[PDB]
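Quick notes on the structure that follows.
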Ligand SMILES: *[C@@H]1O[C@H](CO)[C@@H](O[C@@H]2O[C@H](CO)[C@@H](O[C@@H]3O[C@H](CO)[C@@H](O)[C@H](O)[C@@H]3O)[C@H](O)[C@H]2NC(C)=O)[C@H](O)[C@H]1NC(C)=O
Ligand SMILES: *[C@@H]1O[C@H](CO)[C@@H](O[C@@H]2O[C@H](CO)[C@@H](O)[C@H](O)[C@H]2NC(C)=O)[C@H](O)[C@H]1NC(C)=O
Ligand SMILES: *[C@@H]1O[C@H](CO)[C@@H](O[C@@H]2O[C@H](CO)[C@@H](O)[C@H](O)[C@H]2NC(C)=O)[C@H](O)[C@H]1NC(C)=O
Ligand SMILES: *[C@@H]1O[C@H](CO)[C@@H](O)[C@H](O)[C@H]1NC(C)=O
Ligand SMILES: *[C@@H]1O[C@H](CO)[C@@H](O)[C@H](O)[C@H]1NC(C)=O
Ligand SMILES: *[C@@H]1O[C@H](CO)[C@@H](O)[C@H](O)[C@H]1NC(C)=O
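Chains as they are written, first to last, in full-length UniProt numbering: chain A, 829 to 998; chain B, 586 to 926; chain C, 586 to 634; chain D, 245 to 487, 491 to 585.
Structural data, given as structure tokens:
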């Protein structure tokens, strides 16, 4: 590996084809370094545009994109340093047990145009195979009876459900 | 396709005279195997997270497709009581047949094994120390809407809380959410079903000279086969030497000429193998971010209704479905664009 | 900018003595032109979309 | 161990272990005639031009360039391989074993004084030796070979028909390759002995017989390793639908390889029904290597997820609503720096 020794031990035909082996050998190792290094920069140009979207939309806001901050209803995202990068911790609520219930866009007293109708306020109308309707939050079955300041008094709409009764809400 | 490369057998086939001279190069054989095995890990990491996104919950009560011909075009073709398990759909079979293979060779034999899909038949191949291993899930054998990692056809338009009865009821409420019909009757939905059916039967008439989606599949098939052929052309030719046998070169010339012509086969073959590894890592580094784009189109176009302009195609987004293509995935986007004003 | 590369003229300009020795390398001139033309296709696909 | 560079191998799947096969080197693919002799280097009257011989496409014979006495010529003896008619070579490699490119030979004779025999200067591709006509009288005969052509290929022992049905790394007409051969009724052009379909060698022609080249499918295997006395073998490129001594001296059945979509499986269980949800040993194409009780090949499966999209309710119907939720945690790593 010494360039003086190679040229002071051989003739100038052999000491110039064996100095073209150290040099051509070392030029390849250095060139393969530079190609693999530029291959990593060109990959991280676009990985940075993905990291900046997860900071602005998962960590510093509440996002409306399905599956972007992990699967499920997004509660919280926090972020930590890792060796040579960043690690995101995503916390989400996924469903566990289910239940089949009846549901409707809203309720009307009679099937004539001009009857009093209700829809639910901030949730859904459910029944669970009962003779009377109930209120639940829209992503969890947790039923409540119907009340003033729990429903909204509206006009009709496309296909509300008729009770042929009057509402118990005074 | 994953590869497994034995560096010594490619370069210095059985010659012990050759294997002594590879030892003088500065960790070459260790470096080639560490990069193939390292890039095969990253590809198995991305395909595994992809099929954890494709795998979705389906209803126990399957809704009927009224006049939408979904099960004809997208669902796997209904298996007979015989030895014909065609796991692909009708579109997935049309996408493999319209893509031509390049010519006879080693990638053409590999591609036709996947296209034929004969039951319990291996498609792996070995030549000269280079094995072609299937990846962790191997989409080219599967159907998207059937099997163990099966996608849900209904999760994107019936949504996460199941219960709507038919596709006519589902597409009626999607037209209401798009703001085009207040209450959809049967003639408004049948007009949507006829347009859906004619646009999907028109996929059968795609030509590779006109369709920009088939040209993208053909560009992947042409660059896979040009890469295999550089790796097979690298061991049928001397690189300035007198032959390709390392014993013959050293038993015919003196030890000054039989060591500059063994540095031509070896330096010649080390370049073909190194250019393979660089082009292979260049494709892995590209697909790291293409996978983050595929996972967004599955979660927001196919399994939800999106509010992003132009993301699921141009216009008011009705539906997106997804099929397997040769070496990738194909999304079908259906949208309403305005016509008269 | 797109490129169009003739591999023989770059390496072995007019010398027929040189063009015989490029023939011994393992499909080099075919490989360089297939990669330039292949990368010029992908760039024309992206600019068109 | 020598492939993995370990002494205590942990359980895993270890790929692309290879199998050795014989070697068959053919310099020429057709039989030849016999060579001429040497012209004895003796002249009639006083002195005449020494007779030459052209050696090409023939079979030189053993030690028929010296006198049958085994004392005189022994200065051209090197080792147990001793049939070497050259002394100093220019500039080709001196030892003659195998084949040489078809020289022209001229002989001669001279009186030996001082018991020392001198070297005339050589142009390249001229190599010479000298023997004794008679040693106690000190008269030596010599011969120089002038390789006028490259590729005439004077060779001993005309080549013979190869063995059809065994993998062996051939070398036929400057092209070395590996595979098996079989008899064919395919005929191609007489200009060529080798034939390519695309870029792979498909036919060879040896002694006028055409052999179709096939790839030998058992050159590579994976090990489904569990411990010293329990492992399984998978030949990823071999099709054992129909049709071995390497495996009779490792494990019990000669035959009884299972034909899978992954390859031919040996001394491992194939259970395509059963599924695993955590695959720590993937095989490819949807399969998993279970290496915990014994060796078994099962199917991979994935846990199914849901969506936060809820389709809005436009008429009275049934809906499937959740009763409770599970809090999960998802770690996502992304590389940002070098
Ligand atoms: C409220 O009433 C509805 C309607 O009666 C109940 O839904 C029904 O529940 C049954 C019992 O699970 C379901 O039948 C089952 O179907 C599966 C799959 O086909 C089968 O394996 C079972 O053997 C059984 O046949 C039925 O599909 C379902 N009906 C609908 C329209 O979904 C519901 O459970 C009731 N809810 C409560 C809280 O009582
Ligand atoms: C919610 O409302 C229902 C009906 O409006 C109530 O059900 C009644 O419960 C009482 C005793 O709890 C019974 O005597 C009635 O016969 C029930 N009516 C019907 C129609 O079943 C229910 O108790 C209410 N729950 C709460 C917490 O107020
Ligand atoms: C969508 O599916 C329907 C139902 O299979 C197709 O209608 C049938 O077409 C065949 C032609 O081979 C006729 O023999 C049947 O009488 C038709 N049935 C009905 C109910 O109309 C329809 O052609 C399909 N549409 C497209 C575009 O493929
Ligand atoms: C409500 O009353 C109307 C008018 O008599 C009747 O047509 C309808 O069927 C009734 N619906 C129910 C649910 O009782
Ligand atoms: C192979 O099968 C034989 C059956 O006796 C037995 O040695 C063992 O169960 C298997 N594995 C190995 C490594 O021998
Ligand atoms: C198990 O696999 C066999 C053959 O692959 C098949 O015939 C059988 O129906 C399968 N059984 C189950 C329960 O999937």
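We put the beta carbon where it would ideally sit given N, CA and C, even for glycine.
Is the region 556 to 565 of chain D close to the region 922 to 936 of chain A, with three or more CB pairs under 8 Å? They touch, by the three-pair rule.
Give the residues whose C-beta lies closer than 5 Å to at least one heavy atom of ligand 3, in chain order. 654/B, 782/B and 786/B
Using the Cβ count rule (16 or more neighbours within 10 Å means buried), how would you classify residue 603/C? By 1-based counting over the third chain, the position of residue 603/C is 18. Exposed is the call here.
Is the separation between the beta-carbon of residue 332/D and that of residue 360/D shorter than 8 Å? Locating residue 332/D in the fourth chain gives position 88, where the first residue counts as 1. Locating residue 360/D in the fourth chain gives position 116, where the first residue counts as 1. For residue 332/D and residue 360/D, no; Cβs fall outside 8 Å.
Tell me where the alpha helix (DSSP H) around residue 888/A begins and ends. For this step, residue 888/A is matched to residue 60 along the first chain. Where residue 888/A is concerned, there is no enclosing alpha helix (DSSP H), given that its DSSP letter is neither H nor E.
Roughly how many angstroms lie between the CA atoms of residue 674/B and residue 888/A, to the nearest whole one? Position 89 of the second chain, counted from the start, is the residue given in the question as residue 674/B. Position 60 of the first chain, counted from the start, is the residue given in the question as residue 888/A. Cα-Cα distance, rounded: 43 Å.
For the alpha helix (DSSP H) that contains residue 853/B, what are its first and last residues? As a position in the second chain, residue 853/B is number 268, starting the count at 1. Per DSSP, residue 853/B belongs to the alpha helix (DSSP H) from 847 to 882.
Which residue or residues does DSSP assign as beta-bridge partners of residue 567/D? Taking the first residue of the fourth chain as position 1, residue 567/D is located at position 320. Paired residue(s): 928/A.
Contact list for residue 509/D against chain B, beta-carbon separation under 8 Å: Within the fourth chain, numbered from 1, the residue matching residue 509/D stands at position 262. Neighbours of residue 509/D on chain B, chain order: 707, 709 and 719.
Got a list of residues with beta-carbon closer than 7 Å to any non-hydrogen atom of ligand 2, in chain order? 959/A, 960/A, 973/A and 996/A
Contact under 8 Å by Cβ, residue 979/A with residue 964/A: On the first chain, position 151 is the one that residue 979/A refers to. On the first chain, position 136 is the one that residue 964/A refers to. No, Cβ-Cβ distance for residue 979/A and residue 964/A is not below 8 Å.
Could you tell me how far apart the beta carbons of residue 536/D and residue 468/D are, in whole angstroms, since I believe they sit closer than 8 Å? In the fourth chain, the residue the question calls residue 536/D occupies position 289. In the fourth chain, the residue the question calls residue 468/D occupies position 224. About 5 Å separates the two Cβ atoms, so the contact holds.
DSSP three-state label for residue 908/B, please. For this step, residue 908/B is matched to residue 323 along the second chain. In the three-state DSSP reduction, residue 908/B falls in the strand class (E or B).
Alpha-carbon to alpha-carbon, residue 928/A and residue 968/A: Looking up residue 968/A in the first chain gives position 140. Looking up residue 928/A in the first chain gives position 100. Each residue's Cα considered, the two are about 12 Å apart.
On a Cα-Cα basis, can you pick out the residue from 844/B, 829/B, 877/B and 895/B that is closest to residue 599/B? Locating residue 599/B in the second chain gives position 14, where the first residue counts as 1. Taking residue 599/B as reference, the option from 844/B, 829/B, 877/B and 895/B with the minimal CA-CA separation is 829/B.
Please report whether the beta-carbon of residue 549/D lies at a distance below 8 Å from any beta-carbon of chain B. Within the fourth chain, numbered from 1, the residue matching residue 549/D stands at position 302. Judged by the 8 Å Cβ criterion, residue 549/D is in contact with chain B.
What is the residue span of the alpha helix (DSSP H) that residue 629/B lies within? Within the second chain, numbered from 1, the residue matching residue 629/B stands at position 44. Here the alpha helix (DSSP H) through residue 629/B covers 613 to 639.
Return the chain-ordered ranges of every beta strand (DSSP E) run that is complete within the region 712 to 741 of chain B and spans a minimum of 3 residues. Runs of beta strand (DSSP E) with 3 or more residues, each lying fully within the region 712 to 741 of chain B, are found at 715 to 718, listed in chain order.
Test item: CB-CB of residue 375/D and residue 390/D under 8 Å: Against the fourth chain, residue 375/D aligns to sequence position 131. Against the fourth chain, residue 390/D aligns to sequence position 146. No; because the gap between Cβ atoms is not below 8 Å, this pair is not in contact.
So does residue 932/A have its beta carbon nearer than 7 Å to some heavy atom of ligand 4? Walking along the first chain from the start, residue 932/A turns up at place 104. The answer is no for residue 932/A.
Residue 698/B - containing beta strand (DSSP E), residue span: Here residue 698/B corresponds to residue number 113 of the second chain, with the count starting at 1. First-last for residue 698/B: 691 to 701, but that is the alpha helix (DSSP H), not the beta strand (DSSP E).
Can you confirm whether residue 619/B, when its beta carbon is compared against all beta carbons of chain A, has any partner nearer than 8 Å? Indexing the second chain from 1 puts residue 619/B at position 34. Output row for residue 619/B: interface = no.
Chain D within 8 Å of residue 898/A, Cβ atoms only: Translated into the one-based positions of the first chain, residue 898/A becomes position 70. By this cut-off, residue 898/A is an interface position.
Quick test of your reading: residue 642/B and residue 552/D, contact by CB under 8 Å. State the CB separation rounded to the nearest angstrom. Taking the first residue of the second chain as 1, we reach residue 642/B at position 57. Taking the first residue of the fourth chain as 1, we reach residue 552/D at position 305. 7 Å between Cβ atoms; contact.
CA-CA distance, residue 790/A and residue 662/B? The structure shown has nothing for residue 790/A, since chain A only spans 829 to 998.
How far does the alpha helix (DSSP H) with residue 595/C in it reach, from first residue to last? Within the third chain, the letter at position 10 stands for residue 595/C. That run of the alpha helix (DSSP H) goes 592 to 596.
For review: beta carbons within less than 5 Å of any heavy atom in ligand 1: 928/A, 956/A, 957/A, 645/B and 565/D
The region 468 to 482 of chain D contacting the region 294 to 302 of chain D, beta-carbon criterion three pairs below 8 Å: At 8 Å Cβ cutoff, the stretches do not touch.
Near residue 948/A, what residues of its chain come up, given a Cβ to Cβ distance below 8 Å and the 5 sequence neighbours on each side ignored? By 1-based counting over the first chain, the position of residue 948/A is 120. Counting only Cβ-Cβ distances below 8 Å, and skipping sequence neighbours, we find 934, 963, 978, 979 and 980.
Whole-number beta carbon distance between residue 722/B and residue 908/B, since they are thought to touch under 8 Å: To locate residue 908/B, count along the second chain from 1; it is residue 323. To locate residue 722/B, count along the second chain from 1; it is residue 137. About 15 Å; that fails the 8 Å criterion.
Checking 8 Å against the spacing of the C-beta atoms, do residue 820/B and residue 684/B come in under that value? Position 235 of the second chain, counting from 1, holds the residue named residue 820/B. Position 99 of the second chain, counting from 1, holds the residue named residue 684/B. No. Outside cutoff.
Just by C-beta distance, which residues in the region 838 to 853 of chain B are closer than 7 Å to chain C? 853
CA-CA distance, residue 859/A and residue 657/B? By 1-based counting over the first chain, the position of residue 859/A is 31. By 1-based counting over the second chain, the position of residue 657/B is 72. Taking the straight line from one Cα to the other gives about 54 Å.
Please confirm whether residue 879/B and residue 914/B have their CB atoms less than 8 Å apart. Position 294 of the second chain, counting from 1, holds the residue named residue 879/B. Position 329 of the second chain, counting from 1, holds the residue named residue 914/B. Contact: yes.
Taking 7 Å as the cut-off, does the CB of residue 990/A come closer than this to any heavy atom belonging to ligand 4? Position 162 of the first chain holds residue 990/A. Indeed, a heavy atom of ligand 4 lies less than 7 Å from the Cβ.
With a threshold of 7 Å (Cβ to nearest heavy atom), would residue 473/D be considered close to ligand 5? The sequence position of residue 473/D within the fourth chain is 229, counting from 1. At least one heavy atom of ligand 5 is nearer than 7 Å to the Cβ of residue 473/D, so yes.
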